[PDB]
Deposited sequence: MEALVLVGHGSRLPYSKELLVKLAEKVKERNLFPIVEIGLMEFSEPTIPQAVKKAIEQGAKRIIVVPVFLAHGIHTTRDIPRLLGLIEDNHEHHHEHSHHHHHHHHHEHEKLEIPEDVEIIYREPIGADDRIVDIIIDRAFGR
């Protein structure tokens, strides 16, 4: 009934998509959502609209899109809302819920500190 779509930038290198994929795997491991899908903005497949369609086709009425990005930018404020047609398609009776990026979360400062220490 609800689907989680993780959305990433995309890269010409593969690392970015690997990251999204490992992220999806890990949230799958927590058994919280019925459907869990990924989409990249540029370069790679699946694309965002592809992932959104794939989610609807599995019978989701409420689509939770999380931008896996540290900050807001043009990607998160123009391109992506556009691609989900929240600015400029999708069954009338389906709502896309566009969430917030990671931001300056305490857990990020934990992660950064670990990274400083080669841990």
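Colleague: Counting from 1 along the deposited sequence, what's missing?
Modeller: Unobserved in coordinates, per deposited numbering: 89-112, one stretch.
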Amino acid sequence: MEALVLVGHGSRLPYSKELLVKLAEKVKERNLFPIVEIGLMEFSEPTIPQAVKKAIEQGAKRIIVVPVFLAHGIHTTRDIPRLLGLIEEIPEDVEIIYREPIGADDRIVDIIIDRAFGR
From here on, numbers count along this sequence of modelled residues.
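Colleague: On average, are the C-alpha B-factors higher in 55-63 or in 68-76?
Modeller: Comparing 55-63 with 68-76, the higher mean C-alpha B-factor belongs to 55-63.
Colleague: Between 44-52 and 89-97, which has the higher average C-alpha B-factor in the PDB entry?
Modeller: Mean C-alpha B-factor is greater for 89-97.
Colleague: Using the temperature factors in the entry, find which of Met1, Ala116, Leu4, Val7 has the highest value at its Cα atom.
Modeller: If I rank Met1, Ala116, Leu4, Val7 by C-alpha B-factor, first place goes to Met1.
Colleague: What third of its chain, lowest, middle or highest, does the C-alpha temperature factor of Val36 fall into?
Modeller: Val36: CA B-factor falls in the lowest third of its chain.
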